[PDB]
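So the structure is just underneath, and the comments pick up after that.
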Amino acid sequence: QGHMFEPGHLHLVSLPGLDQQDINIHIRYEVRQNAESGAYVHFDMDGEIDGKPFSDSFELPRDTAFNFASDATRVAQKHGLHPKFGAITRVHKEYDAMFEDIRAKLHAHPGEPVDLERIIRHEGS
């Protein structure tokens with residue numbers, strides 16, 4: 001499937017038909033607690049693009065943790081992805097699913113809005 005997401009990690013390869021180039025990236029995110037900001041996320045990105053191996057680590061506090069999708073993509077394309085791939089230029093619709101994972105993880109305990117209220121959310125009769 002090329003690109004894949006799981007709670008704790010994201011896999012990246014380019015699907016055939018899109019761009020025939022050797023891009024392979026691993027994105028690991030582990031929420032750790034620092035005494036500075038409290039909650040924060042430690043990220044690791046590693047693979048080999050155009051055959052060039054890389055190992056990268058970047059950390060964002062709870063305040064800018066949800067800004068990850070901008071930076072994680074920025075560093076990925078700096079390693080040899082073009083916007084034609086749909087790196088930052090693709091509106092990731094499942095970003096909201098990753099987003100809600102990370103906001104619950106930062107809280108440590110889960111807290112996912114059940115859609116039963118969303119059924120009532122309307123106005124007419």
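Just remember, in the structure tokens the first chain shown is A, the second B, etc., residues are 1-based per chain, and ligands are 1-based in the order shown.
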Do you have, as a tab-separated table, the list of residues of segment 16-54 of chain A lying at most 10 Å from segment 64-86 of chain A, each with its nearest atom pair and that distance in Å to one decimal, counting only C-alpha atoms and ordered by chain then number?
residue	atom	partner	partner_atom	distance
A:18	CA	A:85	CA	6.6
A:19	CA	A:85	CA	6.6
A:21	CA	A:81	CA	9.2
A:22	CA	A:80	CA	9.5
A:23	CA	A:81	CA	7.6
A:24	CA	A:76	CA	9.7
A:25	CA	A:76	CA	7.6
A:26	CA	A:76	CA	9.8
A:27	CA	A:72	CA	7.9
A:29	CA	A:68	CA	9.8
A:31	CA	A:65	CA	9.5
A:39	CA	A:65	CA	9.2
A:40	CA	A:65	CA	6.6
A:41	CA	A:65	CA	6.3
A:42	CA	A:65	CA	9.3
A:43	CA	A:72	CA	8.5
A:44	CA	A:72	CA	9.4
A:45	CA	A:72	CA	8.1
A:46	CA	A:76	CA	9.4
A:47	CA	A:79	CA	9.7
A:48	CA	A:79	CA	8.7
A:49	CA	A:80	CA	6.2
A:50	CA	A:80	CA	7.3
A:52	CA	A:79	CA	8.5
A:53	CA	A:79	CA	9.4
A:54	CA	A:79	CA	8.1
Go ahead and save the residues from that selection, with N, CA, C and O atoms, as a short mmCIF file (atom, residue, chain, number, x, y, z; two decimals), in the first residue's frame.
data_model
loop_
_atom_site.label_atom_id
_atom_site.label_comp_id
_atom_site.auth_asym_id
_atom_site.auth_seq_id
_atom_site.Cartn_x
_atom_site.Cartn_y
_atom_site.Cartn_z
N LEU A 18 2.28 6.50 -9.25
CA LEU A 18 2.43 7.86 -8.69
C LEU A 18 3.80 8.44 -9.07
O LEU A 18 3.88 9.43 -9.82
N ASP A 19 4.88 7.81 -8.55
CA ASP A 19 6.26 8.25 -8.78
C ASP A 19 7.22 7.06 -8.58
O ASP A 19 7.39 6.59 -7.46
N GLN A 21 10.33 6.08 -7.92
CA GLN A 21 11.59 6.48 -7.29
C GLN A 21 11.69 5.74 -5.95
O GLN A 21 10.65 5.48 -5.31
N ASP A 22 12.92 5.42 -5.53
CA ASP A 22 13.16 4.69 -4.27
C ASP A 22 13.04 5.66 -3.09
O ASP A 22 14.03 6.25 -2.65
N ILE A 23 11.79 5.90 -2.64
CA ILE A 23 11.53 6.65 -1.42
C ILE A 23 10.99 5.67 -0.37
O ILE A 23 10.09 4.88 -0.66
N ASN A 24 11.61 5.69 0.80
CA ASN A 24 11.20 4.87 1.94
C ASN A 24 11.58 5.60 3.22
O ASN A 24 12.74 5.99 3.41
N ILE A 25 10.57 5.83 4.07
CA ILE A 25 10.65 6.66 5.28
C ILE A 25 9.84 5.96 6.37
O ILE A 25 8.78 5.39 6.09
N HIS A 26 10.36 5.99 7.59
CA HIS A 26 9.64 5.53 8.78
C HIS A 26 9.42 6.77 9.65
O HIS A 26 10.35 7.56 9.81
N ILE A 27 8.20 6.96 10.19
CA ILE A 27 7.90 8.10 11.08
C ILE A 27 7.36 7.51 12.40
O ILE A 27 6.23 7.04 12.46
N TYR A 29 6.46 8.20 16.39
CA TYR A 29 6.12 9.25 17.35
C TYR A 29 5.81 8.61 18.71
O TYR A 29 4.99 7.68 18.80
N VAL A 31 5.07 9.83 22.68
CA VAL A 31 4.77 10.92 23.60
C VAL A 31 5.47 10.67 24.94
O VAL A 31 5.19 9.68 25.63
N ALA A 39 3.71 17.42 28.81
CA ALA A 39 3.60 16.54 27.64
C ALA A 39 4.37 17.12 26.43
O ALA A 39 4.39 18.34 26.23
N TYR A 40 5.02 16.23 25.67
CA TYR A 40 5.60 16.54 24.34
C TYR A 40 5.73 15.24 23.54
O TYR A 40 5.60 14.15 24.10
N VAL A 41 5.98 15.33 22.22
CA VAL A 41 6.18 14.14 21.37
C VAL A 41 7.62 14.13 20.81
O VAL A 41 8.08 15.11 20.22
N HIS A 42 8.31 13.01 21.02
CA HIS A 42 9.61 12.71 20.41
C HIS A 42 9.37 11.96 19.08
O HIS A 42 8.77 10.88 19.08
N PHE A 43 9.84 12.53 17.97
CA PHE A 43 9.70 11.92 16.63
C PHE A 43 11.06 11.39 16.14
O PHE A 43 12.11 11.98 16.43
N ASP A 44 11.03 10.26 15.40
CA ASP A 44 12.20 9.68 14.69
C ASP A 44 11.81 9.42 13.24
O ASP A 44 10.78 8.79 12.99
N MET A 45 12.60 9.91 12.27
CA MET A 45 12.41 9.59 10.84
C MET A 45 13.68 8.98 10.25
O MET A 45 14.76 9.55 10.37
N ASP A 46 13.54 7.82 9.57
CA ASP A 46 14.70 7.06 9.03
C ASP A 46 14.30 6.20 7.81
O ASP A 46 13.17 5.72 7.73
N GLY A 47 15.24 6.03 6.87
CA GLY A 47 15.03 5.22 5.65
C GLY A 47 16.18 5.43 4.68
O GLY A 47 17.29 5.73 5.12
N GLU A 48 15.94 5.30 3.35
CA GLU A 48 16.94 5.67 2.33
C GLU A 48 16.26 6.12 1.02
O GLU A 48 15.66 5.33 0.29
N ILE A 49 16.33 7.43 0.76
CA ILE A 49 15.75 8.03 -0.47
C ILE A 49 16.82 8.29 -1.53
O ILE A 49 17.83 8.93 -1.25
N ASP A 50 16.55 7.77 -2.76
CA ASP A 50 17.50 7.72 -3.89
C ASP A 50 18.70 6.81 -3.50
O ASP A 50 19.79 6.89 -4.06
N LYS A 52 19.99 6.98 -0.51
CA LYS A 52 20.70 7.75 0.53
C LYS A 52 20.08 7.55 1.92
O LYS A 52 18.98 8.06 2.18
N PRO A 53 20.79 6.83 2.86
CA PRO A 53 20.27 6.54 4.21
C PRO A 53 20.29 7.79 5.11
O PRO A 53 21.22 8.61 5.06
N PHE A 54 19.24 7.93 5.94
CA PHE A 54 19.10 9.06 6.86
C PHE A 54 18.52 8.58 8.20
O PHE A 54 17.76 7.61 8.24
#
Inset, instruction - Write down as a list in words the residues belonging to chain A that are assigned alpha helix (DSSP H) by DSSP computed on the backbone. - result: residues 68, 69, 70, 71, 72, 73, 74, 75, 76, 77, 78, 95, 96, 97, 98, 99, 100, 101, 102, 103, 104, 105, 106, 107, 116, 117, 118, 119 and 120 of chain A
Inset, instruction - Skip residue 110 of chain A itself and residues of its chain fewer than 5 positions away, then list as a PyMOL selection string all residues within 10 Å of it, counting only C-alpha atoms. - result: chain A and resi 100-105
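The shortest atom-to-atom distance to residue 35 of chain A, with only C-alpha atoms taken into account, belongs to A:61 out of A:124, A:61, A:113, A:2.
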Inset, instruction - Could you jot down the atom CA of residue 106 of chain A to atom CA of residue 28 of chain A separation for me, Å, one decimal place? - result: 15.2 Å
Legend entry - All residues 10 Å or closer to residue 5 of chain A, only C-alpha atoms, same chain fewer than 3 positions away omitted, as a PyMOL selection string: chain A and resi 8-12+27+94+98
Legend entry - Which of chain A fall in strand (DSSP E), as an MDAnalysis selection string: chainID A and resid 4:6 9:13 24:34 38:49 52:61
Go ahead and write the selection's residues with C-alpha atoms as a short mmCIF file (atom, residue, chain, number, x, y, z; two decimals), in the first residue's frame.
data_model
loop_
_atom_site.label_atom_id
_atom_site.label_comp_id
_atom_site.auth_asym_id
_atom_site.auth_seq_id
_atom_site.Cartn_x
_atom_site.Cartn_y
_atom_site.Cartn_z
CA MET A 4 0.46 3.18 5.93
CA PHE A 5 -0.55 4.49 9.41
CA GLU A 6 -0.71 2.72 12.81
CA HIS A 9 4.13 4.93 13.65
CA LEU A 10 3.63 5.90 9.92
CA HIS A 11 5.25 3.97 6.97
CA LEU A 12 6.09 5.73 3.62
CA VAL A 13 6.91 4.15 0.20
CA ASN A 24 11.20 4.87 1.94
CA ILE A 25 10.65 6.66 5.28
CA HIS A 26 9.64 5.53 8.78
CA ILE A 27 7.90 8.10 11.08
CA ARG A 28 7.86 7.05 14.76
CA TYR A 29 6.12 9.25 17.35
CA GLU A 30 6.42 8.56 21.10
CA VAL A 31 4.77 10.92 23.60
CA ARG A 32 7.17 11.53 26.51
CA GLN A 33 6.88 13.93 29.49
CA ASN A 34 9.52 16.67 30.03
CA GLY A 38 4.82 18.58 30.64
CA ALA A 39 3.60 16.54 27.64
CA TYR A 40 5.60 16.54 24.34
CA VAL A 41 6.18 14.14 21.37
CA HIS A 42 9.61 12.71 20.41
CA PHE A 43 9.70 11.92 16.63
CA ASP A 44 12.20 9.68 14.69
CA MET A 45 12.41 9.59 10.84
CA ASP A 46 14.70 7.06 9.03
CA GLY A 47 15.03 5.22 5.65
CA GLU A 48 16.94 5.67 2.33
CA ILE A 49 15.75 8.03 -0.47
CA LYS A 52 20.70 7.75 0.53
CA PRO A 53 20.27 6.54 4.21
CA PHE A 54 19.10 9.06 6.86
CA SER A 55 18.38 9.06 10.62
CA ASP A 56 16.59 12.15 12.00
CA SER A 57 14.98 13.06 15.36
CA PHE A 58 12.84 16.16 16.16
CA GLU A 59 10.77 16.99 19.29
CA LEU A 60 7.69 19.25 19.61
CA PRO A 61 6.04 20.38 22.96
#
Legend entry - Counting only C-alpha atoms, the option among A:89, A:1, A:37, A:125 closest to residue 14 of chain A: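 Checking each of A:89, A:1, A:37, A:125 against residue 14 of chain A, counting only C-alpha atoms, the winner is A:1.
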